[PDB]
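Take a look at the structure set out below.
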Amino acid sequence: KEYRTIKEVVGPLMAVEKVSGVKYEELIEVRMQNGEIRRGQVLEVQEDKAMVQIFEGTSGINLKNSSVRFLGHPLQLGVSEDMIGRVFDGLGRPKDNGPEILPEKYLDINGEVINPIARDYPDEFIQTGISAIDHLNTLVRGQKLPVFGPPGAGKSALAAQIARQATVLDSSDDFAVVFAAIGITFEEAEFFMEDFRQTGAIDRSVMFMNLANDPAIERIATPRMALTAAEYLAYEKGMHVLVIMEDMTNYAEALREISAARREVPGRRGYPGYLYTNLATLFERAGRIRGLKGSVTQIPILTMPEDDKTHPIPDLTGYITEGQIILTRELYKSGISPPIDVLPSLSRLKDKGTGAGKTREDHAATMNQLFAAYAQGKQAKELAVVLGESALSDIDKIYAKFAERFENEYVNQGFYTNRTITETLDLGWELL
Amino acid sequence: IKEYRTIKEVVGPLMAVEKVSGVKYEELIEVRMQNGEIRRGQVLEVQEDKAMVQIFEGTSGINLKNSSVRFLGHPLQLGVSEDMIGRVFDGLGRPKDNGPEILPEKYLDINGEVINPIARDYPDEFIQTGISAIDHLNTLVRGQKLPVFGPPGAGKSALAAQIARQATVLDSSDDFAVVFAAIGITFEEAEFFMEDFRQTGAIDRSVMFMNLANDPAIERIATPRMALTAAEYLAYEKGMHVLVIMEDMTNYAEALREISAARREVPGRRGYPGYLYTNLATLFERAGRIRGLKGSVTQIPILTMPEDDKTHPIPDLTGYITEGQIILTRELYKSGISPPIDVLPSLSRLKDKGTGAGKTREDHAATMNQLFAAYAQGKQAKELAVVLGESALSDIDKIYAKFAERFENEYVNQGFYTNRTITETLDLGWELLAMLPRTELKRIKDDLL
Amino acid sequence: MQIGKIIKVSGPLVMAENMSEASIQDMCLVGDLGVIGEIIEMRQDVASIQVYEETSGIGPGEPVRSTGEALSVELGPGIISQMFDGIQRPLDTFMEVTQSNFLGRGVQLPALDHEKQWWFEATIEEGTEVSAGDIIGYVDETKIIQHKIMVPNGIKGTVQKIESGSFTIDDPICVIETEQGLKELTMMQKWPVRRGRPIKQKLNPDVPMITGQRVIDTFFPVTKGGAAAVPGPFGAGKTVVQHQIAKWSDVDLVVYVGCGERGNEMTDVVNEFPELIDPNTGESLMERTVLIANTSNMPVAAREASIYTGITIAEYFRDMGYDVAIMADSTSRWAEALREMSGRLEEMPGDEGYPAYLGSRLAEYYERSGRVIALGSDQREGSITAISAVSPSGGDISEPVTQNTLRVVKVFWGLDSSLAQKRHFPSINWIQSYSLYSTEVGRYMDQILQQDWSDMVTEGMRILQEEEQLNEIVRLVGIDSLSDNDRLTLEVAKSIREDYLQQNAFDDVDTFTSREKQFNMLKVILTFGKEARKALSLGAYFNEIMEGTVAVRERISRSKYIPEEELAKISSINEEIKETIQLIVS
């Protein structure tokens, strides 16, 4: 309590002395000479000294007169049922200046590992209302499904549409949406806020906002916070949660930043090296547990470098995350909204989520025949790539009407259009 | 006897002994564990009264307080005897085939002495493999570094055993022995080699060292140095014409990488250790001939084809330092000729000293070049078949292509276990070119023979 | 014992003092919680421990204690029909004890049930000289499998007292007079996970394994003790193939290892394996199966250790004289556990971030699988056959994992998604796949069958190769263009692919094909090909042959559905072929 033995300040780090009972990854708060107060977290503890990182920074600290207090608990998020309708910062602190929230209980944000046998497989699909997602790589409750896109491809716009139109057919209780904004600009953040207010989803949603201005170490916590709140709603309160996290790329950038700040030797391709485990720890907090009502679904939005050479490796996560959804600007150029390249997108859990009793079962057969129509329809128009002098010009025009029609209509249904699955099926029938 | 109970620290395979005296760089050690297990180790560095050592088998289970380190007082060495021949040893020279005990004449540093530049003599005299394409067209000479480049499955192992059983040297009053080094092969492969050797009586005239694929990497590195030390002994000290064959050298490169990363010195510059090039050069300067001595050392390092696109350092390295090379092709194995030796891409640089009148036949030299051009031209016919598909049949193509295909299935394809002798090869290839017209015969003299 | 004290905590690294009696690689319980950890360093009496679980909330001054052993497994009764993780934690018991669907942190549970009562049956008589590996008695663990208690290694001497009866694991069942004195023997022995079990000698695998699946047994067989690597592209039906191999292969026990999977991908395996049915007994496969399963976000060391734990158990049941088959899925995930674990240990990266000892590690694993003579007076033979699923991790063959695996294995079953799109199951590409055991298996096959099986297999494969080249020719020209000889070879190739190669895993009779039935089917196809080729040299035109043979060809297609009792109907096809074809030429 209120130790006053700061012996070093280097960069954003500090060294404290004559402290005992200090655990690793333990939150501290610093009392400066000017009465300012800052939060930091223990990152290394020796026999008597300990070493911490300050979130806000070390500018303005006088070591002789500053003081440190060890809280005695790691990073926590207070959980309450009153979260809905609310906006929080990176560390789950109110950002809308609303009523004070009394936490039901304070939860460690790292979470726990579901026992493999305990986990329950996902068998029921979720109607996105997007023909280019529902029919084919369909999304099931509890699935880990990510959308890959480049900046300015409308990836954020698609994410908004999914949030607005997400629902399930049983609908005994309504859906719940947890949205995390990770290291994104104000303009980007504002887009989502405006959509939710306008559409009224704020009353039905909970969100955590972390902008680029905010410190990198708050980005790490931001995902953990959103998933911990999602788990609280999902399992303790039985809700059905859709978790949407926007640009885990910058979470990964922050991961590298923190690793360099902690003087950790880089891993593969200059990244920390525990990225595989860190991402998998995040992404695997999904699915349904047997014996519990609620469920957790994740649609992480990820900015994708055009090159495969560097950033948060698509296949580093892609095989972690049970399928993926691809957006491309080449697509986007010709009024194709939401630009979903359907060639390389898959939902790993599509087969089981698709059947009579959960879907109208034209759908599995019709999806497979339209999957053949994807391949053959591509053959018909997509594969030409300005070639096909003779190919598709020999009364394959059925083909050479199919796929261009499909690419325009089906992929660009309009960002504010909601297609009931049966309809999507029907427009597939029309295209048949 | 000197062994210290003082182990300051253990880190991975590294270990630190302190309060020691008289230790020297690269001494071997043995670690007496608390349970009596023994593990051979080596001294990486020594300073003051402290010594730091690496263990070959790893430090798992070691209790520092209750285990002691025994310093042997000698570097990694091979016990040599004349009676080594006909015996099977592992990478560290220990006997692997039960059998009698061995009282060595002496012990030798396996890294070996450096030849005086003037003393070493040119490679000169001919070695018969029994394989037509090697002997006739791409001759090997005593004291020549000739490697075999092959893909994963195209009977490289069979071709190595091939050469081992058939290789001998003609018209000499001196014994000829074969040293076979297997570097990081699977048990099944190793057993294949040993069983073949025992069956064909080849073991009686050969010494072999066995390093399994799951064996420690430092043993893996040691096997070629050990093999060549025995080779040099028989060749020069006991006056034999040793032939050294090392199976799958590429494995050896891997082992260098593993070890180099463990030591942390020479961190990789291109993915594999810093000085793999110099290391291979060290191994390969061992084959040669000392002027003024009967014996000779030849080596045929065998290693795996790079597969062309997972491109790696090994293709350029040995080839950079080797005196020509010999290539195998998968398509040819699949087609069925055996050994699948594609001749046009491969060659031996030092043909002439080995092939020659008296040593071998006089015809052989001239005949070899003519036959080569005659196949080069079966290639011409194949190239006039490459774009041909089924284009119009002319005269050049029709007869020349047939000659090529016949060569392939009659001279390249000799059969693995068929031991064509040199005279046979020459008469067969002569006959095997004579079906072809006399318009394009480089030697006008002796039209039939 | 000695209780150490934590002096440093940095990420996953904990350093404790007063730990001189501990050794390297020993397992320790770290902190008040006692999370699992492993010693990697030692300077004087202080040790650098690597913690597998999360280290948050752990600090200095907390006690540390060492198990006095490396990573190890408990081997005895109660091990079958169990769901394990990589470090042999009982998942099933994990739930009931802690009443939680979560894998608790620092929660310690014994692997086996130490307080159930088994009827030990003493098969040995007192005063007998025993060595490491002799069988003193047995316990009927499940209805299928007989669990034999054998002398643990390092024990030599003479039996003193031994009596049958209802015992737990922990209470001693027999006493042995030794040089050091008397050692009591429990029914359970422990073994370090990464130290391979000892054998009298290893020897070659030359006896093929009946997997039932036609393409595997016929063209790319695997020997009892061989190693088969199979890639797992999405939707290729690999799951079905694994199940088929597991329940139909003539092995006594099956060990399935999930190194690190997607969780939902894991739960499918968990639910579908108990529902698999053992054919010869009608019971669940779990009565003779051991399942180890780790999802992706689990402690990394459990994922790396998964393979070694599975193969250690397979080596346990191997020393009993049983034939074991161990399935690893996915080995690619395991290599990822290695790459991350190597990074955590500040190692020098090699190929594409993988450590430099990747090929060495994989070689160590695959070389333990094989056919051996177990220790003991009896000189019994046991074997481990390894099936490893390598996730492509991006469609390529140049992956270090795949190449290094293929460097020490001889069987390759290349699953192709293209064939799955064409409803060709099992979707094994016959051209890309290979087996280096085909030669030895052909010899064994020719002898026991007393037929020329090798000639038949080679002929079928040759026809398939020619089929590839012919239909590539066809794309450029047209199907009419080629000769009746070549076109006939095309239709015989179609016959091989459809009747003989394709297999429906769910059909009652199509799923399993007896070895004699495999022979009769292939002979039917090949006698057809020969008689029609002959009739072409006899001047009959292709189309006329086609009609008279349409009638009998339908019999060939439905022949792959014929029960194993009624094999006489298959040989009869031969007769019908000969009289029909010779009749068509008049």
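Going through the structure tokens in order, the chains are called A, B, and so on, while each chain numbers its residues from 1 and the ligands are numbered from 1 in the order shown.
Close contacts of residue B:295, defined as residues with an atom at most 6 Å away when counting only C-alpha atoms, with chain neighbours fewer than 3 positions off set aside, comprise residues 235, 236, 239, 240 and 241 of chain B.
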Exercise for the section: Can you check which residues of stretch 424-557 of chain C DSSP gives as alpha helix (DSSP H) on the backbone and send them as a VMD selection string? Expected result: chain C and resid 438 to 449 453 to 476 484 to 495 515 to 537 542 to 557
Determine, using only C-alpha atoms, which residues of chain C have any atom at most 7 Å from an atom of chain A, and tabulate each with its shortest atom pair and distance in Å to one decimal place, rows ordered by chain and then rising number, as CSV.
```
residue,atom,partner,partner_atom,distance
C:7,CA,A:47,CA,4.9
C:8,CA,A:46,CA,4.6
C:9,CA,A:45,CA,5.5
C:10,CA,A:44,CA,4.9
C:56,CA,A:25,CA,5.4
C:57,CA,A:23,CA,5.0
C:58,CA,A:23,CA,5.1
C:59,CA,A:23,CA,4.0
C:60,CA,A:47,CA,6.5
C:91,CA,A:117,CA,6.9
C:101,CA,A:118,CA,5.4
C:102,CA,A:114,CA,4.3
C:103,CA,A:115,CA,5.2
C:262,CA,A:320,CA,6.3
C:263,CA,A:116,CA,6.7
C:264,CA,A:121,CA,5.8
C:267,CA,A:121,CA,6.4
C:270,CA,A:117,CA,6.8
C:295,CA,A:116,CA,6.5
C:296,CA,A:280,CA,6.4
C:297,CA,A:281,CA,4.9
C:298,CA,A:113,CA,6.9
C:340,CA,A:274,CA,6.1
C:343,CA,A:267,CA,5.8
C:353,CA,A:268,CA,5.5
```
Please produce a file of those selected residues containing N, CA, C and O atoms, as a CSV table (one decimal), in the first residue's frame.
```csv
chain,number,residue,atom,x,y,z
C,7,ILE,N,11.8,-16.8,-6.8
C,7,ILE,CA,12.6,-15.6,-6.8
C,7,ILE,C,12.3,-14.7,-8.0
C,7,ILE,O,12.6,-13.5,-8.0
C,8,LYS,N,11.8,-15.3,-9.1
C,8,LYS,CA,11.5,-14.4,-10.3
C,8,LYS,C,10.3,-14.9,-11.1
C,8,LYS,O,10.1,-16.2,-11.2
C,9,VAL,N,9.5,-14.0,-11.6
C,9,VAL,CA,8.4,-14.4,-12.5
C,9,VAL,C,8.4,-13.4,-13.6
C,9,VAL,O,8.1,-12.2,-13.4
C,10,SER,N,8.6,-13.9,-14.8
C,10,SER,CA,8.6,-13.0,-16.0
C,10,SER,C,7.9,-13.8,-17.1
C,10,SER,O,8.5,-14.8,-17.7
C,56,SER,N,-0.4,-15.5,-14.7
C,56,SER,CA,-1.0,-14.3,-14.1
C,56,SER,C,-1.4,-14.6,-12.7
C,56,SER,O,-1.9,-15.7,-12.3
C,57,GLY,N,-1.1,-13.6,-11.8
C,57,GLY,CA,-1.4,-13.7,-10.4
C,57,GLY,C,-0.4,-14.5,-9.6
C,57,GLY,O,-0.6,-14.6,-8.4
C,58,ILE,N,0.6,-15.0,-10.2
C,58,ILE,CA,1.7,-15.7,-9.5
C,58,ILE,C,2.8,-14.8,-9.2
C,58,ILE,O,3.2,-14.0,-10.1
C,59,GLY,N,3.4,-14.9,-8.0
C,59,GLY,CA,4.5,-14.0,-7.6
C,59,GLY,C,5.5,-14.7,-6.8
C,59,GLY,O,5.4,-15.9,-6.5
C,60,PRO,N,6.6,-14.0,-6.4
C,60,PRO,CA,7.7,-14.6,-5.7
C,60,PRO,C,7.4,-14.8,-4.2
C,60,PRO,O,6.5,-14.2,-3.6
C,91,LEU,N,-10.3,-35.9,-19.0
C,91,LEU,CA,-11.3,-34.9,-19.2
C,91,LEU,C,-12.6,-35.3,-18.6
C,91,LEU,O,-13.3,-34.4,-17.9
C,101,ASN,N,-17.3,-26.8,-16.7
C,101,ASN,CA,-17.0,-27.1,-18.1
C,101,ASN,C,-15.6,-26.5,-18.5
C,101,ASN,O,-15.3,-26.6,-19.7
C,102,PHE,N,-14.9,-25.9,-17.6
C,102,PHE,CA,-13.6,-25.3,-17.9
C,102,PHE,C,-12.5,-26.1,-17.4
C,102,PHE,O,-12.6,-26.7,-16.3
C,103,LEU,N,-11.4,-26.1,-18.1
C,103,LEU,CA,-10.1,-26.7,-17.6
C,103,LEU,C,-9.5,-25.8,-16.6
C,103,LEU,O,-8.9,-24.8,-16.9
C,262,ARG,N,-9.6,-27.1,-33.8
C,262,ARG,CA,-10.4,-25.9,-33.8
C,262,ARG,C,-11.5,-25.9,-32.7
C,262,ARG,O,-12.3,-25.0,-32.7
C,263,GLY,N,-11.5,-26.9,-31.8
C,263,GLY,CA,-12.5,-27.0,-30.8
C,263,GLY,C,-13.8,-27.7,-31.4
C,263,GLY,O,-14.1,-28.8,-31.0
C,264,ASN,N,-14.5,-27.0,-32.2
C,264,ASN,CA,-15.7,-27.6,-32.9
C,264,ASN,C,-15.2,-28.8,-33.7
C,264,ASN,O,-15.7,-29.9,-33.6
C,267,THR,N,-14.7,-31.5,-31.1
C,267,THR,CA,-16.0,-32.1,-30.6
C,267,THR,C,-16.6,-33.1,-31.5
C,267,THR,O,-17.2,-34.0,-31.1
C,270,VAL,N,-14.9,-36.2,-30.8
C,270,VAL,CA,-15.3,-36.7,-29.5
C,270,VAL,C,-16.7,-37.4,-29.5
C,270,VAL,O,-16.9,-38.5,-29.0
C,295,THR,N,-7.8,-29.1,-27.8
C,295,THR,CA,-8.2,-28.0,-28.7
C,295,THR,C,-7.1,-26.9,-28.8
C,295,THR,O,-6.0,-27.0,-28.2
C,296,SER,N,-7.3,-25.9,-29.6
C,296,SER,CA,-6.2,-25.0,-30.1
C,296,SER,C,-5.7,-24.2,-28.9
C,296,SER,O,-4.5,-24.0,-28.8
C,297,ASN,N,-6.5,-23.6,-28.1
C,297,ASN,CA,-6.1,-22.6,-27.1
C,297,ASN,C,-5.6,-23.2,-25.8
C,297,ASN,O,-5.4,-22.5,-24.9
C,298,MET,N,-5.3,-24.5,-25.8
C,298,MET,CA,-4.9,-25.2,-24.6
C,298,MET,C,-3.4,-24.9,-24.4
C,298,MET,O,-2.7,-24.4,-25.3
C,340,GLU,N,6.1,-22.3,-31.8
C,340,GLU,CA,5.8,-21.4,-30.8
C,340,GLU,C,6.6,-21.7,-29.5
C,340,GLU,O,7.2,-20.8,-28.9
C,343,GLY,N,10.1,-20.5,-30.1
C,343,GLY,CA,10.2,-19.1,-29.9
C,343,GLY,C,10.2,-18.7,-28.4
C,343,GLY,O,11.0,-17.8,-28.0
C,353,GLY,N,10.5,-20.3,-40.1
C,353,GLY,CA,10.2,-20.2,-38.7
C,353,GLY,C,10.3,-21.5,-37.9
C,353,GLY,O,10.3,-21.4,-36.6
```
Problem - residue A:85 environment, 7 Å, only C-alpha atoms, sequence neighbours closer than 5 positions dropped, as a PyMOL selection string - result: chain A and resi 202-206
Practice task
Restrict the distance test to only C-alpha atoms, flag each residue of chain B within 7 Å of chain C, and return the flagged residues as number ranges by chain.
Solution key: B: 8-12, 59-63, 65, 186, 188, 213-214, 257-258, 261, 271, 310
Would you tabulate, counting only C-alpha atoms, all residues of stretch 99-145 of chain B that have an atom at most 10 Å from an atom of stretch 355-362 of chain B, showing the closest pair of atoms and their distance in Å to one decimal, sorted by chain then ascending number, as CSV?
```
residue,atom,partner,partner_atom,distance
B:124,CA,B:355,CA,9.1
B:125,CA,B:359,CA,7.2
B:126,CA,B:355,CA,6.1
B:127,CA,B:355,CA,9.0
B:128,CA,B:360,CA,9.4
B:135,CA,B:355,CA,8.5
B:136,CA,B:355,CA,8.2
B:137,CA,B:355,CA,9.6
B:138,CA,B:355,CA,9.7
B:139,CA,B:355,CA,6.7
B:140,CA,B:355,CA,8.4
B:141,CA,B:355,CA,8.0
```
Keeping C-alpha atoms, export the residues of the selection given above as a PDB file, in the first residue's frame.
```
ATOM      1  CA  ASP B 124      45.072 -40.716 -62.324  1.00  0.00           C
ATOM      2  CA  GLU B 125      44.085 -44.357 -62.453  1.00  0.00           C
ATOM      3  CA  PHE B 126      40.745 -45.817 -63.542  1.00  0.00           C
ATOM      4  CA  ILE B 127      38.064 -47.233 -61.228  1.00  0.00           C
ATOM      5  CA  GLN B 128      35.482 -49.670 -62.584  1.00  0.00           C
ATOM      6  CA  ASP B 135      32.329 -46.047 -66.366  1.00  0.00           C
ATOM      7  CA  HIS B 136      31.953 -45.523 -70.110  1.00  0.00           C
ATOM      8  CA  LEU B 137      30.514 -42.052 -70.621  1.00  0.00           C
ATOM      9  CA  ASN B 138      31.110 -40.238 -67.330  1.00  0.00           C
ATOM     10  CA  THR B 139      34.221 -42.027 -66.078  1.00  0.00           C
ATOM     11  CA  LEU B 140      35.330 -41.924 -62.456  1.00  0.00           C
ATOM     12  CA  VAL B 141      39.016 -41.791 -61.531  1.00  0.00           C
TER      13      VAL B 141
END
```
Exercise for the section: Fewer than 3 positions away in the same chain doesn't count, so skip those; otherwise give me all residues within 8 Å of residue B:161, counting only C-alpha atoms, as a list in words. Expected result: residues 157, 158, 164, 165, 193, 196 and 197 of chain B
Output the selection as a PDB file, in the first residue's frame - N, CA, C and O atoms for each residue.
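Below you can see part.pdb, which holds the result:
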```
ATOM      1  N   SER B 157      19.429 -45.245 -53.222  1.00  0.00           N
ATOM      2  CA  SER B 157      19.871 -46.279 -52.292  1.00  0.00           C
ATOM      3  C   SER B 157      20.301 -47.547 -53.027  1.00  0.00           C
ATOM      4  O   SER B 157      21.373 -48.118 -52.752  1.00  0.00           O
ATOM      5  N   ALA B 158      19.468 -48.013 -53.958  1.00  0.00           N
ATOM      6  CA  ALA B 158      19.833 -49.158 -54.783  1.00  0.00           C
ATOM      7  C   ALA B 158      21.110 -48.891 -55.570  1.00  0.00           C
ATOM      8  O   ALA B 158      21.950 -49.780 -55.704  1.00  0.00           O
ATOM      9  N   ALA B 164      28.673 -50.166 -54.561  1.00  0.00           N
ATOM     10  CA  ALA B 164      29.459 -50.804 -53.510  1.00  0.00           C
ATOM     11  C   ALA B 164      29.768 -52.256 -53.853  1.00  0.00           C
ATOM     12  O   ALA B 164      30.909 -52.712 -53.707  1.00  0.00           O
ATOM     13  N   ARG B 165      28.762 -52.997 -54.320  1.00  0.00           N
ATOM     14  CA  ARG B 165      28.985 -54.399 -54.659  1.00  0.00           C
ATOM     15  C   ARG B 165      29.816 -54.541 -55.925  1.00  0.00           C
ATOM     16  O   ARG B 165      30.654 -55.441 -56.020  1.00  0.00           O
ATOM     17  N   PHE B 193      20.353 -51.809 -46.574  1.00  0.00           N
ATOM     18  CA  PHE B 193      21.765 -51.798 -46.964  1.00  0.00           C
ATOM     19  C   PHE B 193      22.528 -52.946 -46.319  1.00  0.00           C
ATOM     20  O   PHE B 193      23.282 -53.656 -46.994  1.00  0.00           O
ATOM     21  N   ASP B 196      21.520 -56.382 -47.822  1.00  0.00           N
ATOM     22  CA  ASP B 196      22.082 -56.530 -49.159  1.00  0.00           C
ATOM     23  C   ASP B 196      23.574 -56.829 -49.088  1.00  0.00           C
ATOM     24  O   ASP B 196      24.071 -57.732 -49.770  1.00  0.00           O
ATOM     25  N   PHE B 197      24.305 -56.086 -48.252  1.00  0.00           N
ATOM     26  CA  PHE B 197      25.745 -56.299 -48.134  1.00  0.00           C
ATOM     27  C   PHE B 197      26.057 -57.712 -47.657  1.00  0.00           C
ATOM     28  O   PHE B 197      26.894 -58.408 -48.245  1.00  0.00           O
TER      29      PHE B 197
END
```
Handout entry: Residue list (strand (DSSP E), DSSP) for stretch 243-461 of chain C, as a ChimeraX atom specification
Key = /C:253-261,289-295,323-329,371-373,381-390,411-412,434-435
Would you output that residue set with N, CA and C atoms, as a CSV table (one decimal), in the first residue's frame?
```csv
chain,number,residue,atom,x,y,z
C,253,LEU,N,-5.9,-52.5,-30.8
C,253,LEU,CA,-6.2,-51.2,-30.2
C,253,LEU,C,-5.9,-50.1,-31.2
C,254,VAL,N,-6.7,-49.0,-31.0
C,254,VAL,CA,-6.5,-47.8,-31.8
C,254,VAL,C,-6.3,-46.6,-30.8
C,255,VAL,N,-5.3,-45.8,-31.1
C,255,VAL,CA,-4.9,-44.6,-30.3
C,255,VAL,C,-5.1,-43.4,-31.3
C,256,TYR,N,-6.0,-42.5,-30.9
C,256,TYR,CA,-6.3,-41.3,-31.7
C,256,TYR,C,-5.7,-40.1,-30.9
C,257,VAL,N,-5.0,-39.3,-31.6
C,257,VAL,CA,-4.3,-38.1,-31.0
C,257,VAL,C,-4.7,-36.9,-31.8
C,258,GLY,N,-5.4,-35.9,-31.2
C,258,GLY,CA,-5.6,-34.6,-31.7
C,258,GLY,C,-4.7,-33.6,-31.1
C,259,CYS,N,-3.8,-33.1,-31.9
C,259,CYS,CA,-2.7,-32.3,-31.4
C,259,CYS,C,-3.2,-30.9,-31.0
C,260,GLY,N,-3.8,-30.2,-31.9
C,260,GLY,CA,-4.4,-28.9,-31.6
C,260,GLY,C,-5.4,-28.6,-32.6
C,261,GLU,N,-6.7,-28.7,-32.3
C,261,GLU,CA,-7.7,-28.5,-33.3
C,261,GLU,C,-8.6,-27.3,-32.9
C,289,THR,N,-10.3,-48.5,-27.8
C,289,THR,CA,-9.7,-47.2,-28.3
C,289,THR,C,-9.3,-46.3,-27.1
C,290,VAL,N,-8.2,-45.6,-27.3
C,290,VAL,CA,-7.7,-44.5,-26.4
C,290,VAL,C,-7.7,-43.2,-27.2
C,291,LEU,N,-8.3,-42.2,-26.7
C,291,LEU,CA,-8.5,-40.9,-27.4
C,291,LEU,C,-7.8,-39.8,-26.5
C,292,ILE,N,-6.9,-39.1,-27.2
C,292,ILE,CA,-6.3,-37.9,-26.6
C,292,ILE,C,-6.7,-36.8,-27.5
C,293,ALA,N,-7.1,-35.7,-26.9
C,293,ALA,CA,-7.7,-34.6,-27.6
C,293,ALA,C,-7.4,-33.3,-27.0
C,294,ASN,N,-6.8,-32.3,-27.8
C,294,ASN,CA,-6.5,-31.0,-27.3
C,294,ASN,C,-7.0,-30.0,-28.3
C,295,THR,N,-7.8,-29.1,-27.8
C,295,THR,CA,-8.2,-28.0,-28.7
C,295,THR,C,-7.1,-26.9,-28.8
C,323,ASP,N,-1.2,-55.7,-31.6
C,323,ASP,CA,-1.1,-54.8,-32.8
C,323,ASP,C,-1.8,-53.5,-32.5
C,324,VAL,N,-1.1,-52.4,-32.5
C,324,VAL,CA,-1.7,-51.1,-32.2
C,324,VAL,C,-1.6,-50.2,-33.4
C,325,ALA,N,-2.6,-49.4,-33.7
C,325,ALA,CA,-2.6,-48.4,-34.7
C,325,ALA,C,-2.9,-47.0,-34.1
C,326,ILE,N,-2.0,-46.1,-34.3
C,326,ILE,CA,-2.1,-44.8,-33.7
C,326,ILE,C,-2.3,-43.7,-34.8
C,327,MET,N,-3.4,-42.9,-34.6
C,327,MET,CA,-3.8,-41.9,-35.6
C,327,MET,C,-3.5,-40.5,-35.0
C,328,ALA,N,-2.7,-39.7,-35.6
C,328,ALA,CA,-2.4,-38.4,-35.2
C,328,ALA,C,-3.1,-37.4,-36.2
C,329,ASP,N,-3.7,-36.4,-35.6
C,329,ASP,CA,-4.4,-35.4,-36.4
C,329,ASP,C,-4.6,-34.2,-35.5
C,371,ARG,N,7.4,-52.7,-35.9
C,371,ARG,CA,7.2,-54.1,-35.4
C,371,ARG,C,8.5,-54.6,-34.7
C,372,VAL,N,8.3,-55.0,-33.5
C,372,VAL,CA,9.4,-55.3,-32.5
C,372,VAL,C,9.1,-56.6,-31.8
C,373,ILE,N,10.1,-57.1,-31.1
C,373,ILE,CA,10.0,-58.2,-30.2
C,373,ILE,C,10.0,-57.6,-28.8
C,381,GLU,N,5.8,-60.8,-30.3
C,381,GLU,CA,5.9,-59.7,-31.3
C,381,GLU,C,4.7,-58.7,-31.1
C,382,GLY,N,5.1,-57.4,-31.2
C,382,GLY,CA,4.1,-56.4,-31.2
C,382,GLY,C,4.4,-55.4,-32.2
C,383,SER,N,3.4,-54.5,-32.6
C,383,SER,CA,3.7,-53.6,-33.6
C,383,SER,C,2.8,-52.3,-33.4
C,384,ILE,N,3.3,-51.2,-33.9
C,384,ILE,CA,2.6,-49.9,-33.9
C,384,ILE,C,2.6,-49.4,-35.4
C,385,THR,N,1.4,-49.2,-35.9
C,385,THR,CA,1.3,-48.6,-37.2
C,385,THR,C,0.7,-47.2,-37.1
C,386,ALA,N,1.4,-46.3,-37.8
C,386,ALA,CA,1.2,-44.8,-37.6
C,386,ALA,C,0.5,-44.3,-38.8
C,387,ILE,N,-0.7,-43.6,-38.5
C,387,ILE,CA,-1.4,-42.8,-39.5
C,387,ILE,C,-1.4,-41.4,-39.1
C,388,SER,N,-0.6,-40.5,-39.8
C,388,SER,CA,-0.5,-39.1,-39.4
C,388,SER,C,-1.2,-38.3,-40.5
C,389,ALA,N,-2.1,-37.4,-40.0
C,389,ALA,CA,-2.8,-36.5,-40.9
C,389,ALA,C,-2.0,-35.1,-40.9
C,390,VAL,N,-1.4,-34.8,-42.0
C,390,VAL,CA,-0.7,-33.5,-42.2
C,390,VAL,C,-1.7,-32.5,-42.8
C,411,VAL,N,4.4,-44.7,-46.9
C,411,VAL,CA,3.0,-44.7,-47.5
C,411,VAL,C,2.5,-43.3,-47.6
C,412,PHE,N,1.9,-43.0,-48.7
C,412,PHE,CA,1.3,-41.7,-49.0
C,412,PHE,C,0.0,-41.9,-49.6
C,434,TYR,N,1.3,-43.2,-53.2
C,434,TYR,CA,2.2,-44.2,-53.4
C,434,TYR,C,2.4,-45.0,-52.1
C,435,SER,N,3.0,-46.2,-52.3
C,435,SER,CA,3.4,-47.0,-51.1
C,435,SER,C,4.7,-47.7,-51.5
```
